[PDB]
Amino acid sequence: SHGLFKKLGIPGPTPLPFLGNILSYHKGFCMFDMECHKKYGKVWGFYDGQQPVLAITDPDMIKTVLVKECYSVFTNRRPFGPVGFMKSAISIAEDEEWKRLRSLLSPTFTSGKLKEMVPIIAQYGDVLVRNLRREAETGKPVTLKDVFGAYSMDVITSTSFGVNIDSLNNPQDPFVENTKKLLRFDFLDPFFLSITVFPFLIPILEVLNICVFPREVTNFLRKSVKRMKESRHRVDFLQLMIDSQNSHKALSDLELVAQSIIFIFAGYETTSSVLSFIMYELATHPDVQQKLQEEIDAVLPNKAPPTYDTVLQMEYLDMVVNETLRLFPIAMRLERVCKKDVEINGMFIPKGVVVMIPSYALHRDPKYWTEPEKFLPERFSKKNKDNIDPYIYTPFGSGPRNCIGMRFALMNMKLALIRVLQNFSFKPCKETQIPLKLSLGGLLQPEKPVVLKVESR
Amino acid sequence: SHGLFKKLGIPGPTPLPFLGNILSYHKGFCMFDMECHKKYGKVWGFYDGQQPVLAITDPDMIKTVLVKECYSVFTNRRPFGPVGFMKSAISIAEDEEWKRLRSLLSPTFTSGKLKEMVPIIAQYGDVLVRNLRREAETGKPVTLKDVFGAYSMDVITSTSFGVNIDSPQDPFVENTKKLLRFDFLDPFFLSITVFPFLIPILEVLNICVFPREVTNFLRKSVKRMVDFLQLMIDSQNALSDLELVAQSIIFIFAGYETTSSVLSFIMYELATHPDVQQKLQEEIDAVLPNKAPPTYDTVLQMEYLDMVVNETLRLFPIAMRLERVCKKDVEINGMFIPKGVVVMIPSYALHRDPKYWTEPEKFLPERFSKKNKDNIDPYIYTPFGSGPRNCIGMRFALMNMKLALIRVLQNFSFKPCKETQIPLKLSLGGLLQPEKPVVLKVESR
Ligand code: HEM
Ligand code: HEM
Ligand SMILES: CC(C)(C)OC(=O)N[C@H](CS[C@H](Cc1ccccc1)C(=O)NCCCc1cccnc1)Cc1cccc2ccccc12
Ligand SMILES: CC(C)(C)OC(=O)N[C@H](CS[C@H](Cc1ccccc1)C(=O)NCCCc1cccnc1)Cc1cccc2ccccc12
């Protein structure tokens, strides 16, 4: 199968036997995708072992894969295992089981169900400040993901279930301590390597009850959801799963935990990591931070409480969040498995090929963005948003399988940014790694953690 | 009793004695609420005779009335009589009777019972195309609500009872269309609303607003006819045989009149916006190639079709207003509302507010796109109401209408007919309808 892209006349790096091109990942997915886009142009192919991966960068073709031909051709992502009972998780589900679950979990993030969560998040916004004030009253660096990680946990545990689990901290909370080591795709680990480079050992590992999420983490979270599921008010992610489990049919008990673990993860890890990138950029661009602070005070004078409506009114904040996501799309890539032979936009694609959208590369392509390395929130002004293509800039994906928690993620991060910049300013402190080095490993994180100085206003 | 809104400091137009403000309805309910929305902003109160009506536009206040404090304070709509045996209908009943019926008829539109009706509807979707093709191969302008109203009668008499009858001169469509005619210049509907203190005179006199021998053509037909009918006989074996017919009168009128009128409102906008009709015709051929028959699932995938239906129902909300009767003194969202006031949600005026809609008069299905769907408050756009007393057939109507719209744009395109009223003039009468009947030229593909 290593002669596939030569057959189709599609350029790409020459693959080694067995390994394919995975050796080229020594700088990470992101540097590999940039170089290949520069070397080969609009379309190229490579192999993750024996798995052909076709990378597409054309906006029309991307819309076909992500939106037009989703339900019929590009329905699922690259198979990820061994996962055990977590195969029922929405992000991992396939075909009919995914359609069932997506529809069932959509009503969790309506503008009505979101509006109902601002007062709940309004509790832990003030808590995030009080923990910040302590580290501010005394000259000392502040690791942001710890304090952002704590905030995220409280926000996902109470809006989806109704359970306050972090009493002002309580910094050694078992939820965060177990959830951070939930999945760490270390490519140096022979495990995630051999899974990718020889993706036929999953069935063995599955019958051996081996899982990519450690057992004590899955157990602790599994015990807790059974401890949370009693419910004997407001309809929440726990209620939407329980009212329909009580009523084809239906939602299982090991399935109801699976969706909770997915939500519990993304709510904690994705939110806190993007919040760190933002604050790093504001601290390294004081003009942008002052301008954002100037906007927050105009919309919310006297440190007014942020509301659902006032969050959406702030134009510069939305630009700051978007430009950061442009530079740091935490998904790095978007993938879809081609389930049958298709010829999209005049290009034949055979069954079984994974179609990959190099999001990180597209977000930094000079042919789409001026000075793509520079942090310029003005790209996303309404004056300039004409020249921004929704299929080049896809930080939450696109189409029927985009980020289901997008609106929740943006509001939770915006509510956090408002109540923080309302009370503090952020300066570098030399131990701040400048410029920021990105983790040359699997997921999108920095090398050294983000540490900043916090001053009170 | 006319100095109420003056006491509470709530703005409003001055009431004439006995009449109140009902002389401003000469332009219809819709134009009155919009005039009031501009002059008296946010909240105002007027009078329907001796009946004070508080019009609220704040979406949080709308949510309190429609959802939060529904079961408690705002359970019942405005009193409507004389009704007779029709007092037992779900839309007219109150409190306890409403609760037992709202739960009883809710299983009619579960995701299961609603998927059972797809092969029942898919038969009449070919008689509609075969009847339009006789008037399309000939260059004859088609009156849309006629051929539509026929399709709406079959679907409701076969998804609720299981009897195939309609489709031309059908006795059901004939008696159903004249079931109620709220002409506001008829001295009947005017007075009993303005001077309602004579309603119980007509109630003890066995008088009713619905025609006697129109209620009889439908009272004996149900005695003649798992679906909607079956779901009620199983609980009957305290549902009486009089309250049973009351519900069939509701489902048949709604399933016929409400479906046909909106579909005509849809077809009018698609003809006036060819770039919208063509863009919708290209989406139906992609999810359903070779004119593939539409199923339950292929309907929910079509996004533009939903954004067209939602933009029409924004423009033409056939209910115009939502109403709840405040049953005790309350102070909701920082405002005293006494007992007996009718709280009114001006659905038509809200669906065209420039504060919530840009270029509202213009038809743009792009307001409901997933990118712009975020900007839509679910208490400003409430074409089916909201809360525990919303439209029970909303999920049924949203599917049934979309089932009709798909089987038509696969075979025919629609152009104006010169005699088509452009722009469409709304009926300055009572209900929401066009003045002249909608007519369009039908060209086959
Ligand atoms: C800054 C924060 C976040 C970003 C940038 C982000 C990004 C993404 C991306 C790129 C995808 C895949 C889209 C595609 O394949 O086209 C996705 C999917 C998903 N996201 Fe997020 N996400 C964030 C936070 C969250 C949160 C807070 C939740 C809470 C539940 C969440 C839940 C999910 C789920 C369940 C999926 C799977 C979608 C499916 O398969 O149906 N994400 N997200
Ligand atoms: C486009 C079509 C339709 C629209 C826009 C519509 C609109 C509405 C509205 C606004 C309400 C009142 C909500 C409130 O007061 O808060 C309602 C209630 C109701 N609708 Fe519909 N309707 C439609 C079609 C139908 C259909 C097809 C049926 C079939 C049976 C139906 C049966 C009912 C009934 C029985 C009620 C009263 C329920 C109650 O009072 O508890 N409607 N509808
Ligand atoms: C096969 C490869 C790897 C090539 O690809 C994929 O199939 N891996 C993902 C499916 S395994 C992952 C299971 C998990 C659970 C708990 C903690 C860690 C991992 C998941 O389900 N994670 C999505 C749910 C949470 C989330 C994360 C980020 C943003 N929002 C929500 C598919 C996938 C889904 C959604 C977003 C993704 C972003 C980046 C990479 C993959 C993504
Ligand atoms: C007191 C006023 C008038 C100010 O107000 C109300 O109380 N009148 C309605 C209750 S009398 C009406 C009885 C009827 C039956 C057969 C044919 C004509 C009339 C009804 O039951 N009609 C609802 C049932 C069908 C339907 C219609 C439209 C949309 N969906 C379903 C209350 C009411 C209920 C539901 C929807 C309404 C829409 C517009 C106006 C009133 C509505």
# chains A, B, ... in the order shown; residues from 1 in each chain; ligands from 1

$ closest_atom_pairs --of "chain B" --to "ligand 2" --cutoff "7 Å" --atoms "only C-alpha atoms and all ligand atoms" --output "Markdown table"
| residue | atom | partner | partner_atom_place_in_ligand_line | distance |
| --- | --- | --- | --- | --- |
| B:66 | CA | ligand 2 | 16 (O) | 6.4 |
| B:90 | CA | ligand 2 | 40 (O) | 5.1 |
| B:91 | CA | ligand 2 | 40 (O) | 3.4 |
| B:92 | CA | ligand 2 | 40 (O) | 6.6 |
| B:98 | CA | ligand 2 | 41 (O) | 6.7 |
| B:102 | CA | ligand 2 | 41 (O) | 5.9 |
| B:250 | CA | ligand 2 | 35 (C) | 5.9 |
| B:251 | CA | ligand 2 | 30 (C) | 3.7 |
| B:252 | CA | ligand 2 | 30 (C) | 6.9 |
| B:254 | CA | ligand 2 | 26 (C) | 4.6 |
| B:255 | CA | ligand 2 | 27 (C) | 4.0 |
| B:258 | CA | ligand 2 | 2 (C) | 5.0 |
| B:259 | CA | ligand 2 | 2 (C) | 5.6 |
| B:262 | CA | ligand 2 | 1 (C) | 6.0 |
| B:313 | CA | ligand 2 | 5 (C) | 6.7 |
| B:317 | CA | ligand 2 | 5 (C) | 5.8 |
| B:318 | CA | ligand 2 | 5 (C) | 5.5 |
| B:319 | CA | ligand 2 | 10 (C) | 5.0 |
| B:322 | CA | ligand 2 | 15 (O) | 4.9 |
| B:323 | CA | ligand 2 | 15 (O) | 5.9 |
| B:383 | CA | ligand 2 | 5 (C) | 5.0 |
| B:384 | CA | ligand 2 | 10 (C) | 3.9 |
| B:385 | CA | ligand 2 | 16 (O) | 3.5 |
| B:386 | CA | ligand 2 | 16 (O) | 4.9 |
| B:387 | CA | ligand 2 | 16 (O) | 6.6 |
| B:389 | CA | ligand 2 | 41 (O) | 4.5 |
| B:390 | CA | ligand 2 | 13 (C) | 3.9 |
| B:391 | CA | ligand 2 | 18 (C) | 3.4 |
| B:392 | CA | ligand 2 | 33 (C) | 5.1 |
| B:393 | CA | ligand 2 | 28 (C) | 4.2 |
| B:394 | CA | ligand 2 | 23 (C) | 6.0 |
| B:396 | CA | ligand 2 | 27 (C) | 6.1 |
| B:397 | CA | ligand 2 | 27 (C) | 4.4 |
| B:398 | CA | ligand 2 | 1 (C) | 6.9 |

$ write_last_selection --atoms "C-alpha atoms" --output "PDB file, in the first residue's frame"
ATOM      1  CA  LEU B  66     -44.230  30.637  29.742  1.00  0.00           C
ATOM      2  CA  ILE B  90     -56.769  20.752  25.648  1.00  0.00           C
ATOM      3  CA  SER B  91     -56.441  24.287  24.265  1.00  0.00           C
ATOM      4  CA  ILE B  92     -59.486  25.511  26.237  1.00  0.00           C
ATOM      5  CA  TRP B  98     -55.312  20.460  31.128  1.00  0.00           C
ATOM      6  CA  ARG B 102     -51.420  17.278  28.155  1.00  0.00           C
ATOM      7  CA  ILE B 250     -58.641  20.361  17.445  1.00  0.00           C
ATOM      8  CA  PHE B 251     -56.178  18.058  15.665  1.00  0.00           C
ATOM      9  CA  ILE B 252     -58.105  18.149  12.378  1.00  0.00           C
ATOM     10  CA  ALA B 254     -54.874  22.511  13.206  1.00  0.00           C
ATOM     11  CA  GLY B 255     -53.446  19.784  10.981  1.00  0.00           C
ATOM     12  CA  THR B 258     -52.258  25.627  10.019  1.00  0.00           C
ATOM     13  CA  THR B 259     -50.331  23.356   7.645  1.00  0.00           C
ATOM     14  CA  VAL B 262     -47.759  28.119   6.174  1.00  0.00           C
ATOM     15  CA  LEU B 313     -42.531  31.220  10.710  1.00  0.00           C
ATOM     16  CA  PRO B 317     -46.337  33.395  12.994  1.00  0.00           C
ATOM     17  CA  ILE B 318     -49.917  32.220  12.481  1.00  0.00           C
ATOM     18  CA  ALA B 319     -50.649  32.610  16.207  1.00  0.00           C
ATOM     19  CA  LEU B 322     -49.194  34.174  23.064  1.00  0.00           C
ATOM     20  CA  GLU B 323     -51.528  34.642  26.024  1.00  0.00           C
ATOM     21  CA  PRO B 383     -43.719  30.523  16.714  1.00  0.00           C
ATOM     22  CA  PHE B 384     -44.982  27.499  18.686  1.00  0.00           C
ATOM     23  CA  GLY B 385     -45.020  29.240  22.044  1.00  0.00           C
ATOM     24  CA  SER B 386     -42.828  27.787  24.782  1.00  0.00           C
ATOM     25  CA  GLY B 387     -42.953  26.004  28.106  1.00  0.00           C
ATOM     26  CA  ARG B 389     -48.178  24.818  27.300  1.00  0.00           C
ATOM     27  CA  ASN B 390     -46.382  25.121  23.951  1.00  0.00           C
ATOM     28  CA  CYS B 391     -47.705  23.641  20.712  1.00  0.00           C
ATOM     29  CA  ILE B 392     -48.236  19.930  21.308  1.00  0.00           C
ATOM     30  CA  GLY B 393     -47.976  19.259  17.575  1.00  0.00           C
ATOM     31  CA  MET B 394     -44.830  21.320  17.037  1.00  0.00           C
ATOM     32  CA  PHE B 396     -45.466  16.865  14.321  1.00  0.00           C
ATOM     33  CA  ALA B 397     -46.021  20.070  12.335  1.00  0.00           C
ATOM     34  CA  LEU B 398     -42.322  20.758  11.731  1.00  0.00           C
TER      35      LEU B 398
END

$ closest_atom_pairs --of "region 60-114 of chain A" --to "region 335-359 of chain A" --cutoff "10 Å" --atoms "only C-alpha atoms" --output "Markdown table"
| residue | atom | partner | partner_atom | distance |
| --- | --- | --- | --- | --- |
| A:60 | CA | A:345 | CA | 7.6 |
| A:61 | CA | A:345 | CA | 6.2 |
| A:62 | CA | A:357 | CA | 7.3 |
| A:64 | CA | A:344 | CA | 7.2 |
| A:65 | CA | A:336 | CA | 7.6 |
| A:66 | CA | A:336 | CA | 8.0 |
| A:69 | CA | A:344 | CA | 9.0 |
| A:70 | CA | A:336 | CA | 8.8 |
| A:72 | CA | A:339 | CA | 8.2 |
| A:73 | CA | A:339 | CA | 5.3 |
| A:74 | CA | A:338 | CA | 5.3 |
| A:75 | CA | A:336 | CA | 6.8 |
| A:76 | CA | A:336 | CA | 5.7 |
| A:77 | CA | A:336 | CA | 4.5 |
| A:78 | CA | A:337 | CA | 5.8 |
| A:79 | CA | A:337 | CA | 8.6 |

$ residues_near_ligand --ligand "ligand 1" --cutoff "8 Å" --atoms "only C-alpha atoms and all ligand atoms" --output "ChimeraX atom specification"
/A:66,76-77,89-93,98,102,156,259,262-268,270-271,273-275,325,329-336,394-406,408-410,412-413

$ interface_residues --of "chain A" --to "chain B" --cutoff "12 Å" --atoms "only C-alpha atoms" --output "PyMOL selection string"
chain A and resi 64+67-72+96+99-100+103-104+109-116+234+244+247-249+308-309+312-313+390+398-400+402+406-408

$ closest_residue --among "B:298, B:248, B:159, B:72" --to "residue 96 (chain B)" --atoms "only C-alpha atoms"
B:72
